[PDB]
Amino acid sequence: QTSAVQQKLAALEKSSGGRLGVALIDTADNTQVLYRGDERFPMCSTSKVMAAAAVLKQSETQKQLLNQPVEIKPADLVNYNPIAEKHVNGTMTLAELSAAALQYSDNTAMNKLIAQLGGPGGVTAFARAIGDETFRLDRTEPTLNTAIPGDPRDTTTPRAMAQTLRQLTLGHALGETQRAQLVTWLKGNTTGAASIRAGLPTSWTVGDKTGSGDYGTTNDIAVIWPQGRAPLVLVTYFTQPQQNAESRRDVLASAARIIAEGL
């Protein structure tokens, strides 16, 4: 069937010219709302949640892991690294790298998380360990953001990413202190106010991770604590036909607004 919410998302998509993917989980009743929920989309910087969570999982058996220093060298800088560039010829701890990757979307920091996991496949392996058979990370930063239509590399589906985000932030994929740390990091994101958050009532609390890439790819994954009800998990992924298309965070906000109006 096609629900009223799905019809509205289709109308939004038609006006956008691009391809929109949405997955909601309402933890009040475990129900789901999906739009292109099983189609693949390039994750771009939203993949940083999986990498940070995988390091948090490692830290469950190493009390000092998050304080371990990692050297930052001039050659490690990539296309966007506002935190790491302040530490060139020095070090950042794994906690500092996780916070920078999640809250400032520092791509050098993400590369250090990937390296701590043994490469992109270490991120995929963690996804599999927590029940996500769909996620794949194949490349490092910045090439994981090429976002080429039809390319399976560095993609997931909205359904899989919503389920994973639920298990990481509200479920038991991580230990309790690690889950709380991930939630704290997401709630302190600096980059999200134009995306899912912009479509929701002010009173609702959001923790999220955005992403963007070529093909006008514009993404956000969020945990939401609405006024007066149990938390929601919402993924909104968007990608466009031409390589140099402009970002469309407003489309993500519009998708979130439709979802909220449909509860």
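Position 1 is the first residue in the sequence shown; the rest follow in order.
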Going by the entry, of stretches 73-81 and 163-171 the one with greater average Cα B-factor is 73-81
Quick note on 51-59 and 27-35: per-entry mean CA temperature factor is higher in 27-35
From 94, 100, 144, 130, the top C-alpha temperature factor is at 130
When the entry's CA B-factors for 176, 138, 151, 106 are compared, the highest one belongs to 176
In terms of its chain's C-alpha B-factors, the third that includes residue 222 is the lowest
By the entry's values, the third containing the CA B factor of residue 88 is the highest
Residue 245: C-alpha B-factor third of its chain, per the entry, is the highest
For residue 211, the third of its chain by CA B-factor is the lowest
